[PDB]
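Student: Attaching a single structure in structure tokens format; questions to follow.
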Amino acid sequence: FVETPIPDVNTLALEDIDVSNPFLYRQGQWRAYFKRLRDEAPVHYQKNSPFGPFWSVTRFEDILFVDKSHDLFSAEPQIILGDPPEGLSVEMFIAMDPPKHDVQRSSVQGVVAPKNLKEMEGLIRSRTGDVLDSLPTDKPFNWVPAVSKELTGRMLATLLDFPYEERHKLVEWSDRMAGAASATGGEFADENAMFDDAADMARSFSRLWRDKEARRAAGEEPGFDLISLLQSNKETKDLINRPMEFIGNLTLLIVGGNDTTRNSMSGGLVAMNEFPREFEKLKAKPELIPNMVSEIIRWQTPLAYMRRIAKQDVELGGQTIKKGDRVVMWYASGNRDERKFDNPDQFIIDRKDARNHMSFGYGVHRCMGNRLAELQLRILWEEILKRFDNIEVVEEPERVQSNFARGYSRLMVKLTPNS
Ligand code: HEM
């Protein structure tokens, strides 16, 4: 993939609108392209793309139907638009249908048990406050590494009890995975690097499993982390011996929580910068933080879509999706659908229906980590409000190349503390 200027959507025949282009978000053309699809081709077939042909489903109501109807639309074998590079396919329950999906999700869902998240609030808030206190207030800095990636990486390490000093690896491996050119149009096109990483990652999870079992056998009390949970349950105490399940489950937790958390933490600042009256509203009414977090997640939509395959011919939106066709559920478009949300492109932190967004999906795959993400975002903004009278974005944000992740690689921020 090489970036070129994306033309006005009005220059295109409807059949030539290709929303798999991974520069549509960066260039700001995604809003007009998806509005044209919602209005005039809400169930749209693209015959020609670098990823092969695919349907786009772009209205909120129709996306709900596809996401909930796993008897008609399969999540197998992959949920990104393209294909993983050869040798890198791993089975993850995000790309599995019931009943097996339900079985595999049950084996890990305890890691985000509400009682466990509540016990970790002090740690999350301490990390958040320490990170914010460390930021300079006399010069701008890049928020993406300093805050969003920093906090996400610590959280991911805690979730796995992954060696804290190596947490940068959970994220580097994960980035090169979720950013495969063949899968998402991301910038990673070297299969040699992905082979090195996927193997390093698999070896690292195996060493962690053995270190944790040796520590448990030696009398270490079990913790909140996923490995401890897997080793405490009869069904999964032997998960090492099922390598596809073991590697797939652990990889899904890390990839699932990595750039989603990161880009939600960054995106709230970008939304405030575009709608600065909302920050004055927030400072005057801090009890809006929980609803604001929903509005940040709606407006940002950190994952633009999830993909499905039609299990049979399905009539949708005056169109016949054929058995075997790839069907892309464009959450990024659904969350801007004016049939669902009034003034959808506005960031409105007291929007009463913000919580009804589809950024987590709907149906059996609805995000397992939704409460953990919301918790971290709430604490982030609580701790921001204690410290800063103003936040300024000093340069146009740099947006990531991807058709899947909607995110930022550079967000240059100047802080003004209160007195
Ligand atoms: C604001 C942040 C997040 C967003 C926007 C998001 C988005 C999503 C989406 C769109 C799906 C699939 C929904 C569908 O197909 O219907 C999903 C599933 C999933 N997410 Fe998240 N996610 C976020 C945070 C997290 C975090 C923090 C974690 C882990 C700590 C996580 C782990 C997972 C897992 C394991 C699944 C698979 C659930 C299943 O297939 O049953 N996510 N997420």
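Following the order of the structure tokens, first chain is A, next is B, and so on, with residues numbered from 1 inside each chain and ligands from 1 in the order they appear.
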May I have the residues within 7 Å of segment 263-272 of chain A as a PyMOL selection string, using only C-alpha atoms and disregarding those fewer than 5 positions away in the same chain?
Tutor: chain A and resi 144+148+278-279+296-297+300+302+347+377+407-408
Student: Neighbours of ligand 1 within 6 Å, counting only C-alpha atoms and all ligand atoms, as number ranges by chain?
Tutor: A: 67, 93-94, 105, 252-253, 256-257, 260-261, 264, 297, 301-303, 306, 359-370, 372-373
Student: Find the spatial neighbours of segment 5-14 of chain A, counting only C-alpha atoms, within a cut-off of 9 Å - ignore same-chain residues fewer than 2 positions away - and output them as an MDAnalysis selection string.
Tutor: chainID A and resid 3 16:17 23:24 27 29 32:33 36:37 40:41 44
Student: Residues at most 10 Å from residue 165 of chain A, counting only C-alpha atoms, excluding those fewer than 4 positions away in the same chain, as a ChimeraX atom specification?
Tutor: /A:154,157,169
Student: Save out the residues we just selected, N, CA and C atoms, as an mmCIF file, in the first residue's frame.
Tutor:
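So again03.cif came out as:
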data_model
loop_
_atom_site.group_PDB
_atom_site.id
_atom_site.type_symbol
_atom_site.label_atom_id
_atom_site.label_comp_id
_atom_site.auth_asym_id
_atom_site.auth_seq_id
_atom_site.Cartn_x
_atom_site.Cartn_y
_atom_site.Cartn_z
ATOM 1 N N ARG A 154 0.956 -1.309 30.659
ATOM 2 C CA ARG A 154 0.950 -1.769 32.044
ATOM 3 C C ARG A 154 -0.277 -2.629 32.324
ATOM 4 N N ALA A 157 0.159 -6.105 30.799
ATOM 5 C CA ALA A 157 1.086 -6.908 31.590
ATOM 6 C C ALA A 157 0.395 -7.478 32.822
ATOM 7 N N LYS A 169 7.053 -5.661 24.574
ATOM 8 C CA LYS A 169 6.977 -6.753 23.598
ATOM 9 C C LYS A 169 5.548 -7.211 23.335
#
Student: Using only C-alpha atoms, pick whichever of A:63, A:413, A:230, A:328 has the shortest atom-to-atom distance to residue 392 of chain A.
Tutor: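 Looking only at the distances to residue 392 of chain A, the closest residue turns out to be A:413.
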Student: Identify all residues of segment 42-182 of chain A in helix (DSSP H, G or I) (DSSP on the backbone) and supply them as a count of residues only.
Tutor: 80
Student: Of the residues A:87, A:179, A:186, A:82, which is the one nearest to residue 22 of chain A, using only C-alpha atoms?
Tutor: A:186
Student: Excluding same-chain residues fewer than 5 positions from residue 172 of chain A, what lies within 12 Å of it counting only C-alpha atoms, as a PyMOL selection string?
Tutor: chain A and resi 149+153+166-167+177-179+188+193-194+196-198+200-201+254-255+258-259
Student: Which residues are near residue 332 of chain A? Cut-off 10 Å, only C-alpha atoms, ignore same chain within fewer than 4 positions. Put them as a PDB file with N, CA, C and O atoms, in the first residue's frame.
Tutor:
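The result, written out as selection-v6.pdb:
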ATOM      1  N   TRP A  30     -13.241   9.322   4.992  1.00  0.00           N
ATOM      2  CA  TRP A  30     -14.090   8.206   5.385  1.00  0.00           C
ATOM      3  C   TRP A  30     -15.524   8.654   5.650  1.00  0.00           C
ATOM      4  O   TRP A  30     -16.473   7.933   5.314  1.00  0.00           O
ATOM      5  N   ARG A  31     -15.717   9.885   6.137  1.00  0.00           N
ATOM      6  CA  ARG A  31     -17.078  10.299   6.549  1.00  0.00           C
ATOM      7  C   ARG A  31     -17.939  10.434   5.302  1.00  0.00           C
ATOM      8  O   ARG A  31     -19.046   9.893   5.285  1.00  0.00           O
ATOM      9  N   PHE A  34     -18.562   6.882   3.587  1.00  0.00           N
ATOM     10  CA  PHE A  34     -19.545   6.036   4.237  1.00  0.00           C
ATOM     11  C   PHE A  34     -20.930   6.669   4.246  1.00  0.00           C
ATOM     12  O   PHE A  34     -21.927   5.940   4.247  1.00  0.00           O
ATOM     13  N   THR A  58     -23.498  -0.722   6.165  1.00  0.00           N
ATOM     14  CA  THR A  58     -23.116   0.578   6.699  1.00  0.00           C
ATOM     15  C   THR A  58     -24.167   1.290   7.550  1.00  0.00           C
ATOM     16  O   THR A  58     -23.810   2.245   8.242  1.00  0.00           O
ATOM     17  N   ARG A  59     -25.426   0.855   7.559  1.00  0.00           N
ATOM     18  CA  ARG A  59     -26.419   1.445   8.454  1.00  0.00           C
ATOM     19  C   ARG A  59     -26.464   0.707   9.788  1.00  0.00           C
ATOM     20  O   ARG A  59     -26.312  -0.518   9.843  1.00  0.00           O
ATOM     21  N   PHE A  60     -26.707   1.475  10.851  1.00  0.00           N
ATOM     22  CA  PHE A  60     -26.743   0.935  12.209  1.00  0.00           C
ATOM     23  C   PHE A  60     -27.700  -0.252  12.304  1.00  0.00           C
ATOM     24  O   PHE A  60     -27.325  -1.332  12.775  1.00  0.00           O
ATOM     25  N   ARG A 298     -18.015   5.992  21.088  1.00  0.00           N
ATOM     26  CA  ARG A 298     -18.863   6.096  19.903  1.00  0.00           C
ATOM     27  C   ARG A 298     -18.178   6.918  18.816  1.00  0.00           C
ATOM     28  O   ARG A 298     -18.085   6.497  17.655  1.00  0.00           O
ATOM     29  N   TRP A 299     -17.710   8.107  19.181  1.00  0.00           N
ATOM     30  CA  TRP A 299     -17.134   9.024  18.204  1.00  0.00           C
ATOM     31  C   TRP A 299     -15.839   8.469  17.616  1.00  0.00           C
ATOM     32  O   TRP A 299     -15.619   8.526  16.400  1.00  0.00           O
ATOM     33  N   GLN A 300     -14.984   7.892  18.453  1.00  0.00           N
ATOM     34  CA  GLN A 300     -13.730   7.357  17.945  1.00  0.00           C
ATOM     35  C   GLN A 300     -13.950   6.077  17.147  1.00  0.00           C
ATOM     36  O   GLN A 300     -13.323   5.900  16.100  1.00  0.00           O
ATOM     37  N   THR A 301     -14.815   5.155  17.644  1.00  0.00           N
ATOM     38  CA  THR A 301     -15.003   3.803  17.090  1.00  0.00           C
ATOM     39  C   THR A 301     -13.639   3.162  16.808  1.00  0.00           C
ATOM     40  O   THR A 301     -13.232   3.021  15.644  1.00  0.00           O
ATOM     41  N   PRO A 302     -12.902   2.791  17.858  1.00  0.00           N
ATOM     42  CA  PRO A 302     -11.511   2.326  17.671  1.00  0.00           C
ATOM     43  C   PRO A 302     -11.343   1.174  16.683  1.00  0.00           C
ATOM     44  O   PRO A 302     -10.299   1.102  16.026  1.00  0.00           O
ATOM     45  N   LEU A 303     -12.312   0.262  16.557  1.00  0.00           N
ATOM     46  CA  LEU A 303     -12.287  -0.752  15.505  1.00  0.00           C
ATOM     47  C   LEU A 303     -13.396  -0.452  14.500  1.00  0.00           C
ATOM     48  O   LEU A 303     -14.577  -0.384  14.858  1.00  0.00           O
ATOM     49  N   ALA A 304     -13.006  -0.230  13.247  1.00  0.00           N
ATOM     50  CA  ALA A 304     -13.947   0.270  12.252  1.00  0.00           C
ATOM     51  C   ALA A 304     -14.983  -0.768  11.860  1.00  0.00           C
ATOM     52  O   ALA A 304     -16.081  -0.404  11.418  1.00  0.00           O
ATOM     53  N   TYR A 305     -14.660  -2.053  12.000  1.00  0.00           N
ATOM     54  CA  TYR A 305     -15.539  -3.095  11.495  1.00  0.00           C
ATOM     55  C   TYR A 305     -15.185  -4.419  12.139  1.00  0.00           C
ATOM     56  O   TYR A 305     -14.147  -4.573  12.785  1.00  0.00           O
ATOM     57  N   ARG A 336     -22.123   6.768  12.959  1.00  0.00           N
ATOM     58  CA  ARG A 336     -22.409   8.087  12.406  1.00  0.00           C
ATOM     59  C   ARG A 336     -23.725   8.112  11.639  1.00  0.00           C
ATOM     60  O   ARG A 336     -23.983   9.061  10.895  1.00  0.00           O
ATOM     61  N   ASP A 337     -24.551   7.086  11.794  1.00  0.00           N
ATOM     62  CA  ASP A 337     -25.815   6.980  11.069  1.00  0.00           C
ATOM     63  C   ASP A 337     -26.851   7.888  11.718  1.00  0.00           C
ATOM     64  O   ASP A 337     -27.218   7.690  12.886  1.00  0.00           O
ATOM     65  N   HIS A 357     -24.066   3.051  21.381  1.00  0.00           N
ATOM     66  CA  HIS A 357     -23.165   2.908  20.246  1.00  0.00           C
ATOM     67  C   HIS A 357     -22.865   1.432  19.957  1.00  0.00           C
ATOM     68  O   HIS A 357     -23.120   0.533  20.775  1.00  0.00           O
ATOM     69  N   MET A 358     -22.299   1.180  18.768  1.00  0.00           N
ATOM     70  CA  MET A 358     -21.926  -0.176  18.366  1.00  0.00           C
ATOM     71  C   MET A 358     -20.409  -0.364  18.260  1.00  0.00           C
ATOM     72  O   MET A 358     -19.942  -1.258  17.555  1.00  0.00           O
ATOM     73  N   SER A 359     -19.624   0.438  18.986  1.00  0.00           N
ATOM     74  CA  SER A 359     -18.171   0.254  18.915  1.00  0.00           C
ATOM     75  C   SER A 359     -17.689  -1.054  19.518  1.00  0.00           C
ATOM     76  O   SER A 359     -16.580  -1.481  19.185  1.00  0.00           O
ATOM     77  N   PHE A 404      -8.879  -0.960   9.646  1.00  0.00           N
ATOM     78  CA  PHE A 404      -9.472  -1.645  10.788  1.00  0.00           C
ATOM     79  C   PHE A 404      -9.303  -0.829  12.062  1.00  0.00           C
ATOM     80  O   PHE A 404     -10.294  -0.443  12.689  1.00  0.00           O
ATOM     81  N   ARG A 406      -8.796   2.504  13.982  1.00  0.00           N
ATOM     82  CA  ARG A 406      -8.939   3.944  13.819  1.00  0.00           C
ATOM     83  C   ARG A 406      -8.176   4.576  14.967  1.00  0.00           C
ATOM     84  O   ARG A 406      -8.648   4.587  16.108  1.00  0.00           O
TER      85      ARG A 406
END
